[PDB]
C-alpha cells in the first residue's frame, strides 16, 4: 500500500506518508507536550543543543528555563482565537529568543515548533500597495503576472512561478519572473502526479511551506512514535516538517537549493501555488510569512471576482445575441451572419479554436475545424441515437474510435442541436492539447526527475485529449444552442 516517509520510489510515491515524516528540518526544534499539565513527551533530537537545555524529553514545560509556558497559556483560553498561533519567548541557559508556532494535531497533544527570533521588523509598508495591485488587476493573466513580480520583489527569490492546476490536477507554469540568465519554465506543464494528493491537502492545511536548504540532514523526533497513540505523529500542521527525498531530488536536479511555496486556495480548493525557488540556501524573516498569507488571500479573492466577472460576460454575450439576430434578419433575410465573427466571436464564450454550423445541409466554419466531410461524419454520429441538449467530449477518438483521425483538429467537440429535424447542430472544437504549447522528452528513476521529463510525462498522459469542457463551457453551448433553436422555430 503506502510507503513510510523516507522510503518510496518512483512507482509508489503517490502514497508516500509525507505527513508522517518523523523528522524536521535542522533550523528549528519541535516539542510535543501533553495536556493538561504540559509535560514534554516527544521532541526533535536536536532540541537540547538547539534550545540550550540540559534535558528535554520528559521534563514539564514549566521547569524549562525561560517563559515558553507562560507565553502559550493565553492561547489555550477557550474563548481566545487560538491555534495555529505564533508566540515569542525566551528559552534556555544561555537565554535566547524564539518564534514559536503552536498547534494541536487531532492526536498526540500540543505541538510547539521553535526557530531563532531576529529583531522585530515591520513589513506592512509592503502590503497596501501590493493589495492595490492585486485588487486592481484586470484579468487572470494580468493578476498572475503581477503576482509573480510582486512575490519576487518582496521575497527576493531567484525565480517565482505561479502554477495553475486544471480540472485533472495537472500544472501549468502560468506566470514566471526570474533573474536574467536562468532558463525559463514559463508555459511548462506537468502531470498531476508530480504533486501527490496528500501534498495537495498539505498545501490547503498550511498556506506557507519553507525549505531553507535542499541539503539539510533530517532531525528525527524522539521517540518517533507518539507515546499517546503508539503511532506516528500527525505532522500536517508542522512548519518544520521534513520534505520527501523524492521532491528534494527533483530540486537537486533543477539546481535549486531553497524553496518558499505559497498556496492559492479558491472556494476551498487548491487552485495553484506561488512557487519561489532560490539557487542558494535561503532563510527568511518570520514576519514574511504573514505577508505571504495575506497576499495569497487577496489573490484568491480576486481570482474569484474574475471568474465571476467572466461568468456574467458569457451571460451577456448570450442575451446580447438574441438581438444580434432579432433585427439582423430584418433586411438580409437570414441570421447566420450574426453567428460568424463580427468580433462578437462565437468562439470565445466556450474557449474553442473552431466552430461549425450545420443547417439544412449547409455547413459554415470559423477557426480550426475538421474537413466539412469530417463535420458530416460527426453529424452522422450525433444522429445515431437520441442525445442530450448538449453532447460533449474531450477525447473524441477513444470515446468514438472511428473518429480517431480527427484528433488533430477535434479531440474536443461540444455539439448542441438547433432543432428537431436534427442533422442540424452548432458544433465547437478544440485540438489535441499537445498543440497548445510544444517542447519536451525522456525516461525514469529519481535521478531522471526534471522539468523536461515532467513536460514529457505530461504529453504522454493527455495524449488523446483536449482542454476539458467546463461547467460554464457546457452551460454556454446549452444556452447558446437554445436561443438559436428558439429563433429558428420562429422562422
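Residue numbers count along the first chain shown, from 1.
Trainee: Per the record, how many residues of the deposited chain fall between residue 441 and residue 442 without being modelled: none, 1 to 3, 4 to 9, or 10 or more?
Mentor: Missing residues, residue 441 to residue 442: 4 to 9.
Trainee: When the Cα temperature factors in the entry are averaged, is it 275 to 283 or 134 to 142 that ends up higher?
Mentor: That would be 134 to 142.
Trainee: When the C-alpha temperature factors are averaged for each of 117 to 125 and 304 to 312, which stretch ends up with the higher value in the entry?
Mentor: Stretch with the greater average CA B-factor: 304 to 312.
Trainee: Can you tell me which of 213, 99, 158, 368 has the highest Cα temperature factor in the record?
Mentor: In this record, 368 carries the highest C-alpha B-factor of the candidates.
Trainee: From 111, 318, 198, 246, which pick has the Cα B-factor that tops the rest in the entry?
Mentor: When the deposited C-alpha B-factors of 111, 318, 198, 246 are compared, 318 is largest.
Trainee: Hey, what third does residue 297 fall into on Cα B-factor, ranked over its chain?
Mentor: As the PDB entry reports it, the C-alpha B-factor of residue 297 lands in the lowest third of its chain.
Trainee: Hey, what third does residue 28 fall into on Cα B-factor, ranked over its chain?
Mentor: As the PDB entry reports it, the C-alpha B-factor of residue 28 lands in the lowest third of its chain.
Trainee: Lowest, middle or highest third: which one holds residue 103 when the chain's residues are ordered by CA B-factor from the entry?
Mentor: Within its chain, residue 103 is a lowest-third residue by C-alpha B-factor, going by the deposited values.
Trainee: Where does the C-alpha B-factor of residue 480 rank in its chain, lowest, middle or highest third?
Mentor: Ranked within chain, residue 480 CA B lands in the highest tercile.
Trainee: Please place residue 73 in the lowest, middle or highest third of its chain according to the CA B-factor in the PDB entry.
Mentor: CA B-factor rank for residue 73: middle third.
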